[PDB]
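A.B. asks: Following this line is structure.cif, made up of mmCIF, C-alpha atoms and all ligand atoms:
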data_data
#
loop_
_atom_site.label_atom_id
_atom_site.label_comp_id
_atom_site.auth_asym_id
_atom_site.auth_seq_id
_atom_site.Cartn_x
_atom_site.Cartn_y
_atom_site.Cartn_z
CA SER Q 27 38.61 4.48 0.27
CA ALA Q 28 39.11 6.47 -2.93
CA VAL Q 29 36.38 4.52 -4.72
CA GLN Q 30 34.01 5.21 -1.83
CA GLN Q 31 34.63 8.97 -1.97
CA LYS Q 32 33.93 8.93 -5.71
CA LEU Q 33 30.74 6.91 -5.23
CA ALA Q 34 29.64 9.30 -2.47
CA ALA Q 35 30.29 12.21 -4.85
CA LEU Q 36 28.29 10.55 -7.61
CA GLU Q 37 25.47 10.02 -5.14
CA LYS Q 38 25.53 13.66 -4.02
CA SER Q 39 25.49 14.87 -7.63
CA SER Q 40 22.53 12.59 -8.40
CA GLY Q 41 20.02 13.74 -5.77
CA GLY Q 42 19.16 10.15 -4.89
CA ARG Q 43 20.40 7.18 -2.86
CA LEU Q 44 23.02 4.84 -4.32
CA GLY Q 45 23.85 1.30 -3.20
CA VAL Q 46 26.85 -0.58 -4.61
CA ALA Q 47 28.41 -3.95 -3.91
CA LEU Q 48 31.40 -5.30 -5.81
CA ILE Q 49 32.89 -8.75 -5.30
CA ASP Q 50 36.32 -9.27 -6.85
CA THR Q 51 36.67 -13.03 -6.99
CA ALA Q 52 40.42 -12.79 -7.65
CA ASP Q 53 40.87 -12.30 -3.89
CA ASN Q 54 37.27 -12.33 -2.58
CA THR Q 55 37.62 -8.64 -1.69
CA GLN Q 56 34.56 -6.42 -1.51
CA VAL Q 57 33.79 -2.78 -2.21
CA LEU Q 59 30.55 -1.63 -0.60
CA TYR Q 60 28.64 1.64 -0.60
CA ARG Q 61 25.44 1.52 1.46
CA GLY Q 62 25.99 -2.22 1.08
CA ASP Q 63 23.74 -3.18 4.00
CA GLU Q 64 20.91 -0.73 3.26
CA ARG Q 65 17.62 -2.00 1.85
CA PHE Q 66 16.65 -1.13 -1.73
CA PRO Q 67 13.62 -2.12 -3.81
CA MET Q 68 14.81 -4.86 -6.13
CA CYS Q 69 12.29 -4.20 -8.85
CA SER Q 70 12.85 -6.54 -11.80
CA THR Q 71 16.27 -7.64 -10.54
CA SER Q 72 14.25 -10.12 -8.46
CA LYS Q 73 13.54 -11.99 -11.71
CA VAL Q 74 17.00 -13.56 -11.42
CA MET Q 75 16.04 -15.27 -8.15
CA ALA Q 76 12.81 -16.60 -9.64
CA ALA Q 77 14.53 -17.94 -12.76
CA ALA Q 78 17.23 -19.53 -10.60
CA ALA Q 79 14.63 -21.14 -8.34
CA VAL Q 80 12.97 -22.80 -11.34
CA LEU Q 81 16.40 -23.91 -12.55
CA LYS Q 82 16.95 -25.51 -9.13
CA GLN Q 83 13.68 -27.45 -9.53
CA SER Q 84 14.92 -28.68 -12.92
CA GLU Q 85 17.84 -30.45 -11.24
CA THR Q 86 15.27 -33.07 -10.14
CA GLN Q 87 12.60 -32.53 -12.81
CA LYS Q 88 14.99 -32.94 -15.72
CA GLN Q 89 12.50 -31.94 -18.42
CA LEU Q 90 10.98 -29.04 -16.47
CA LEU Q 91 12.36 -26.30 -18.72
CA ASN Q 92 10.61 -27.88 -21.72
CA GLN Q 93 7.21 -27.92 -20.01
CA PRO Q 94 4.64 -25.81 -21.90
CA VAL Q 95 2.72 -23.18 -19.95
CA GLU Q 96 -0.46 -21.64 -21.34
CA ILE Q 97 -0.57 -17.85 -21.77
CA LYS Q 98 -4.16 -16.72 -21.31
CA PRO Q 99 -5.53 -13.20 -22.00
CA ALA Q 100 -6.17 -12.76 -18.27
CA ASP Q 101 -2.50 -13.51 -17.52
CA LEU Q 102 -1.22 -10.43 -19.30
CA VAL Q 103 -0.28 -7.66 -16.85
CA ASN Q 104 1.40 -4.23 -17.17
CA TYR Q 105 4.46 -5.17 -19.30
CA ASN Q 106 4.46 -8.35 -21.44
CA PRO Q 107 6.61 -7.81 -24.56
CA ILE Q 108 7.19 -11.52 -25.16
CA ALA Q 109 4.22 -13.23 -23.52
CA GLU Q 110 1.76 -11.14 -25.55
CA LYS Q 111 3.18 -12.84 -28.66
CA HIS Q 112 1.93 -16.20 -27.32
CA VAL Q 113 -1.53 -15.36 -25.98
CA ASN Q 114 -3.83 -18.37 -26.39
CA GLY Q 115 -0.70 -20.44 -26.97
CA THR Q 116 2.12 -21.72 -24.81
CA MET Q 117 5.66 -20.94 -23.81
CA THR Q 118 8.04 -23.38 -22.19
CA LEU Q 119 9.50 -22.57 -18.79
CA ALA Q 120 12.85 -22.05 -20.54
CA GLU Q 121 11.21 -19.53 -22.88
CA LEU Q 122 9.46 -17.83 -19.93
CA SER Q 123 12.75 -17.65 -18.02
CA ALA Q 124 14.50 -16.11 -21.01
CA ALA Q 125 11.65 -13.62 -21.54
CA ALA Q 126 11.64 -12.61 -17.88
CA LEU Q 127 15.40 -12.18 -17.81
CA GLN Q 128 16.20 -10.77 -21.24
CA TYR Q 129 13.13 -8.57 -21.79
CA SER Q 130 11.95 -8.12 -18.18
CA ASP Q 131 8.57 -9.61 -19.14
CA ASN Q 132 6.23 -9.41 -16.12
CA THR Q 133 3.81 -12.10 -17.30
CA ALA Q 134 6.79 -14.42 -17.73
CA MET Q 135 7.92 -13.59 -14.19
CA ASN Q 136 4.46 -14.36 -12.85
CA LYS Q 137 4.59 -17.79 -14.50
CA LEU Q 138 7.90 -18.46 -12.74
CA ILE Q 139 6.39 -17.35 -9.44
CA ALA Q 140 3.37 -19.60 -9.96
CA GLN Q 141 5.63 -22.55 -10.77
CA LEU Q 142 7.28 -21.93 -7.40
CA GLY Q 143 4.01 -21.69 -5.45
CA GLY Q 144 3.94 -17.91 -4.96
CA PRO Q 145 6.42 -15.20 -4.00
CA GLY Q 146 7.18 -17.17 -0.85
CA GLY Q 147 8.62 -19.91 -3.09
CA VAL Q 148 11.12 -17.43 -4.52
CA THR Q 149 12.08 -16.20 -1.05
CA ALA Q 150 12.41 -19.84 0.03
CA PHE Q 151 15.04 -20.49 -2.61
CA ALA Q 152 17.01 -17.46 -1.46
CA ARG Q 153 16.93 -18.77 2.11
CA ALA Q 154 17.96 -22.26 0.94
CA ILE Q 155 21.15 -20.88 -0.65
CA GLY Q 156 22.01 -18.78 2.42
CA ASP Q 157 20.50 -15.41 1.46
CA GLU Q 158 18.69 -14.24 4.58
CA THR Q 159 18.04 -10.71 3.27
CA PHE Q 160 16.13 -11.14 -0.01
CA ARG Q 161 12.39 -11.01 0.30
CA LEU Q 162 9.84 -11.25 -2.50
CA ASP Q 163 6.33 -10.38 -1.41
CA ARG Q 164 4.37 -9.42 -4.50
CA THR Q 165 3.90 -10.56 -8.06
CA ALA Q 166 5.35 -8.68 -11.01
CA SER Q 167 2.81 -5.88 -11.60
CA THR Q 168 3.20 -4.39 -8.11
CA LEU Q 169 6.57 -5.51 -6.79
CA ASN Q 170 8.31 -2.36 -8.13
CA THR Q 171 6.33 0.39 -6.37
CA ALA Q 172 9.65 1.02 -4.61
CA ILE Q 173 8.24 3.08 -1.72
CA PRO Q 174 10.88 4.44 0.68
CA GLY Q 175 10.96 2.38 3.89
CA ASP Q 176 8.73 -0.41 2.54
CA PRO Q 177 10.41 -3.77 3.26
CA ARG Q 178 8.45 -5.60 0.58
CA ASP Q 179 10.42 -6.84 -2.41
CA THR Q 180 13.77 -5.61 -1.12
CA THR Q 181 17.31 -6.78 -0.56
CA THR Q 182 20.67 -5.19 0.16
CA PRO Q 183 23.54 -4.71 -2.31
CA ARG Q 184 25.86 -7.00 -0.30
CA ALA Q 185 23.31 -9.81 -0.14
CA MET Q 186 22.40 -9.63 -3.81
CA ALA Q 187 26.06 -9.51 -4.87
CA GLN Q 188 26.85 -12.63 -2.81
CA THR Q 189 23.76 -14.44 -4.10
CA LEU Q 190 24.46 -13.54 -7.73
CA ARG Q 191 28.03 -14.81 -7.29
CA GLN Q 192 26.77 -18.14 -5.90
CA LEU Q 193 24.22 -18.53 -8.72
CA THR Q 194 26.54 -17.77 -11.67
CA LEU Q 195 30.13 -18.43 -10.56
CA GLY Q 196 29.56 -20.62 -7.50
CA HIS Q 197 27.64 -23.84 -7.02
CA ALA Q 198 24.24 -22.84 -5.68
CA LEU Q 199 22.90 -24.37 -8.92
CA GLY Q 200 23.88 -27.51 -10.77
CA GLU Q 201 26.65 -26.87 -13.25
CA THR Q 202 24.32 -27.05 -16.29
CA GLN Q 203 21.70 -24.85 -14.65
CA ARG Q 204 24.34 -22.30 -13.71
CA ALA Q 205 25.59 -22.31 -17.29
CA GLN Q 206 22.05 -21.73 -18.57
CA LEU Q 207 21.54 -18.79 -16.23
CA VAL Q 208 24.87 -17.28 -17.30
CA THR Q 209 23.87 -17.59 -20.95
CA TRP Q 210 20.49 -15.95 -20.26
CA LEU Q 211 22.11 -13.07 -18.39
CA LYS Q 212 24.66 -12.52 -21.16
CA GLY Q 213 21.76 -12.26 -23.64
CA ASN Q 214 19.96 -9.52 -21.74
CA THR Q 215 18.61 -6.81 -24.05
CA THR Q 216 17.76 -4.09 -21.49
CA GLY Q 217 21.18 -3.29 -20.05
CA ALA Q 218 23.03 -1.25 -22.66
CA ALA Q 219 22.72 2.06 -20.75
CA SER Q 220 23.34 0.66 -17.25
CA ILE Q 221 26.39 -1.19 -15.84
CA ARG Q 222 27.51 -2.17 -19.36
CA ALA Q 223 27.82 1.48 -20.40
CA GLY Q 224 30.43 2.19 -17.72
CA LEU Q 225 32.67 -0.80 -18.50
CA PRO Q 226 35.43 -1.42 -21.06
CA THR Q 227 33.88 -2.71 -24.29
CA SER Q 228 36.10 -5.82 -24.14
CA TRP Q 229 34.61 -7.07 -20.85
CA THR Q 230 31.86 -9.67 -21.13
CA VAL Q 231 28.76 -8.81 -19.08
CA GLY Q 232 25.64 -10.66 -18.03
CA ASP Q 233 23.10 -8.50 -16.20
CA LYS Q 234 19.52 -7.95 -15.13
CA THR Q 235 18.09 -4.42 -14.83
CA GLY Q 236 15.11 -3.20 -12.88
CA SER Q 237 13.09 -0.01 -12.74
CA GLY Q 238 10.22 1.19 -10.64
CA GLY Q 240 8.60 4.02 -8.73
CA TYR Q 241 10.67 6.71 -7.04
CA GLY Q 242 12.88 6.70 -10.14
CA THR Q 243 14.32 3.40 -8.95
CA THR Q 244 16.97 2.24 -11.41
CA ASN Q 245 18.86 -0.99 -10.71
CA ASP Q 246 21.25 -3.38 -12.38
CA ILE Q 247 23.00 -6.51 -11.17
CA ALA Q 248 25.83 -7.97 -13.20
CA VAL Q 249 28.48 -10.60 -13.47
CA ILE Q 250 31.53 -9.30 -15.32
CA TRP Q 251 34.28 -11.23 -17.11
CA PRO Q 252 37.33 -9.11 -17.92
CA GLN Q 254 39.87 -10.69 -20.21
CA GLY Q 255 42.83 -12.13 -18.35
CA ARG Q 256 41.37 -11.37 -14.93
CA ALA Q 257 39.07 -13.12 -12.50
CA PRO Q 258 35.36 -12.30 -12.86
CA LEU Q 259 33.59 -9.67 -10.78
CA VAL Q 260 30.08 -9.37 -9.41
CA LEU Q 261 28.61 -5.87 -9.32
CA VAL Q 262 25.28 -4.73 -7.86
CA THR Q 263 24.21 -1.10 -8.43
CA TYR Q 264 20.91 0.03 -6.90
CA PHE Q 265 19.58 3.58 -7.10
CA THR Q 266 16.41 5.24 -5.85
CA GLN Q 267 15.17 8.82 -5.53
CA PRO Q 268 13.05 10.97 -3.18
CA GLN Q 269 10.22 11.83 -5.59
CA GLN Q 270 7.60 9.21 -6.45
CA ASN Q 271 7.51 10.44 -10.09
CA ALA Q 272 11.29 10.70 -10.56
CA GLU Q 273 12.76 9.70 -13.90
CA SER Q 274 15.02 6.74 -14.57
CA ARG Q 275 18.74 7.38 -14.00
CA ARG Q 276 20.57 4.56 -15.75
CA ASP Q 277 23.51 6.96 -16.15
CA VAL Q 278 24.12 6.72 -12.40
CA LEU Q 279 24.58 2.96 -12.70
CA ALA Q 280 26.96 3.36 -15.63
CA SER Q 281 28.90 5.96 -13.67
CA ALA Q 282 29.12 3.74 -10.58
CA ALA Q 283 30.40 0.87 -12.75
CA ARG Q 284 33.01 3.19 -14.29
CA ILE Q 285 34.20 4.30 -10.83
CA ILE Q 286 34.41 0.68 -9.67
CA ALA Q 287 36.33 -0.39 -12.77
CA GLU Q 288 38.83 2.45 -12.36
CA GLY Q 289 39.48 1.33 -8.76
NA NA Q 301 5.68 3.94 -6.37
#
Please go through the file and, once you have read it, give me the structure as structure tokens.

C.D. replies:
Amino acid sequence: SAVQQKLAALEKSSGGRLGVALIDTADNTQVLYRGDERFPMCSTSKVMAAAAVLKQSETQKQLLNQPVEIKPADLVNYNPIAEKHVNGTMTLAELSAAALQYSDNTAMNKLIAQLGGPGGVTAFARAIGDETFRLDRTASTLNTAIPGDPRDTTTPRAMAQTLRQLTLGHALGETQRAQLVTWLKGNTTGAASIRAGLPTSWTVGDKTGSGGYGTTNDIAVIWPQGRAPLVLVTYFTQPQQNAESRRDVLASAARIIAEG
């Protein structure tokens, strides 16, 4: 397809490896580029962990208001929000918002612990039909993003389908889904990624991720005006362990998708 030639050209220009999955819910049509290849999720896995806690809250109605202690020993390699509450508490709602909107790794680790370990996050993915997602490590090491390493990976197709079920579908209770959508729309880390390649009148909710090998990811749900929503996954990784971030590639992929 024309979109696929333009994505392949973007990839060639970039020096790295690009994975894209678009779901157009107006007709459930899909555009894929390396859609079944594995990529390191990096912090985009925080969406699955937040959604898994939201699922628990369908039975434990007050779960999101539960306070969780933040201890000095809990603070890891990137804790912009949790550091503000050391020797205090944050609720699981506040930890979910910090994980999603600031990519706070201590917050993510509290979600993982609430779920009984990374296997509890993977379990939720399996329960909603995602057989590809796997979370293996906690937040300080899950984004090493080593080529060929299956840990902490998924494919663009699988993550696009899962994100659609979580935000537009009914994998979550209606109120939980609405909460996740609100959190994603309030993300603060995405301005240079998918959002930068889209018309300024489209509403976006997204979660970014970055890691070793210049891995630069973004997963988004997109609401154009007067048109059915879209789900877009853009994953990107590079050959050199020390490679720099390339959020521009994700913006460019989004732009190509939107023009198609
Ligand atoms: Na690495």

A.B. asks: Skipping near chain neighbours, those fewer than 2 positions away, what residues fall within 9 Å of residue Q:163 using all atoms listed in the file, listed as a list in words?

C.D. replies: residues 144, 145, 146, 149, 161, 165, 169, 178, 179 and 180 of chain Q

A.B. asks: Considering only C-alpha atoms, return as a ChimeraX atom specification whatever protein or nucleic-acid residues lie within 12 Å of stretch 201-207 of chain Q, sequence-local ones (same chain, fewer than 4 positions apart) excluded.

C.D. replies: /Q:73-86,88,90-91,120-121,123-124,126-128,190-197,211-214,232-234,249

A.B. asks: Neighbouring residues of ligand NA 301 (chain Q) are defined here as those with any atom at most 6 Å from a ligand atom, counting all atoms listed in the file; list them as a list in words.

C.D. replies: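 Going residue by residue within 6 Å of ligand NA 301 (chain Q), we get residues 171, 172, 173, 240, 241 and 270 of chain Q.
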
A.B. asks: Find the residues near residue Q:55: any atom within 12 Å, counting all atoms listed in the file, skip ones fewer than 3 places away on the same chain, and give them as JSON, numbers by chain.

C.D. replies: {"Q": [47, 48, 49, 50, 51, 52, 59, 184, 188, 257, 258, 259, 260]}

A.B. asks: Taking into account only C-alpha atoms, which residue in the set Q:228, Q:31, Q:189, Q:216 is nearest to residue Q:256?

C.D. replies: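 Between Q:228, Q:31, Q:189, Q:216, the residue approaching residue Q:256 most closely is Q:228.
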
A.B. asks: Determine, counting only C-alpha atoms, which protein, DNA and RNA residues have an atom within 8 Å of an atom of residue Q:131; residues of the same chain fewer than 4 positions away are not included. Present the result as a ChimeraX atom specification.

C.D. replies: /Q:105-109,125-127,135

A.B. asks: State, in Å with one decimal place, the distance from atom CA of residue Q:208 to atom CA of residue Q:248.

C.D. replies: 10.2 Å

A.B. asks: I'd like the neighbourhood of residue Q:69 as a PyMOL selection string, where a residue qualifies if any of its atoms comes within 7 Å (using all atoms listed in the file), though same-chain residues fewer than 6 positions away should be ignored.

C.D. replies: chain Q and resi 169-170+236-238

A.B. asks: Which of these, Q:269, Q:92, Q:27, Q:227, has the shortest distance to residue Q:251 once you count all atoms listed in the file?

C.D. replies: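 Residue with the minimum atom-to-atom distance to residue Q:251: Q:227.
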
A.B. asks: Could you tell me which of Q:140, Q:231, Q:278, Q:261 comes closest to residue Q:244 if we count all atoms listed in the file?

C.D. replies: Q:278

A.B. asks: Counting only C-alpha atoms, write as an MDAnalysis selection string all protein and nucleic acid residues lying at most 7 Å from (-4.3, -17.0, -22.6) in the file's frame.

C.D. replies: chainID Q and resid 96:101 113:115
